[PDB]
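Given as structure tokens, the chain that follows is alone and in the form deposited in one PDB entry.
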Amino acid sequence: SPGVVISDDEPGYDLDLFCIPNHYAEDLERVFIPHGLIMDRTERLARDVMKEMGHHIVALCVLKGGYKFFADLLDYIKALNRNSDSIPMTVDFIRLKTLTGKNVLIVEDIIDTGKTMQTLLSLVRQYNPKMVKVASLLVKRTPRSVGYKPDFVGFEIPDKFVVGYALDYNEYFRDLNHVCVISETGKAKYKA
């Protein structure tokens, strides 16, 4: 319900324990969530979603720089639907930097302070959909948060800036499949 909780100590296996590209060896300090681990968690997230909404849904995929999460999640949802009825499913998008009388499912990669999603919920509520639930792979424990909690959470992680899987850093760490903590060497290196 609160998701897979990663404690402040000791979170994230060491870098040497998982395959990491040599060119990112110094730009990361610790790995929080290995790729296959995100996969298995997302799979169950597809089930949790499907059993929370049994009426043709609209996958409203929050769209910024990445696609991985909502691509994987929707793949697993498509795997579930692959047994039962000819179930339709519309996937929509919202770019950040129609749904009225529909069962909507907002998909986001990570929530830090919450404002982003909170504001996103307001805009959507105005169109008066039948119901709106939110799914977020990551929800960061931080005093900078406004209190908003998603309906579906993949993992809860320490207040660190992570990259990988679906998260980037100035168009970098795209080929990094692991959600890891970026080090100070990386921040300065890939600074805009």
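The first residue of the shown sequence is 1; numbering continues from there. The term rigid core refers to the maximal set of C-alpha atoms that superpose within 1.5 Å between the two forms.
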Per the entry, how many deposited residues between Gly54 and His55 lack coordinates? The answer is 1 to 3
Quick one: classify how much of the deposited chain lacks coordinates between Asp85 and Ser86, choosing none, 1 to 3, 4 to 9, or 10 or more.
1 to 3
In the PDB record, does 115-123 or 67-75 carry the higher mean Cα temperature factor?
115-123
With B-factors read from the PDB entry, the higher C-alpha mean of 180-188 and 5-13 is in 5-13
What's the residue among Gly164, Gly154, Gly147, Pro158 with the greatest CA temperature factor in the PDB record?
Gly147
Highest CA temperature factor in the entry: which of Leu37, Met131, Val62, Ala135?
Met131
For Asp27, does the deposited CA B-factor place it in the lowest, middle or highest third of the chain?
middle
What third of the chain, by the recorded C-alpha B-factor, contains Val49?
highest
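The form deposited in another entry is left out here; the points below concern that form.
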Would you indicate which listed residue, out of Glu156, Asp151, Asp48, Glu26, moves its Cα by 2 Å or more between this form and the one not shown relative to the superposed core?
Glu26
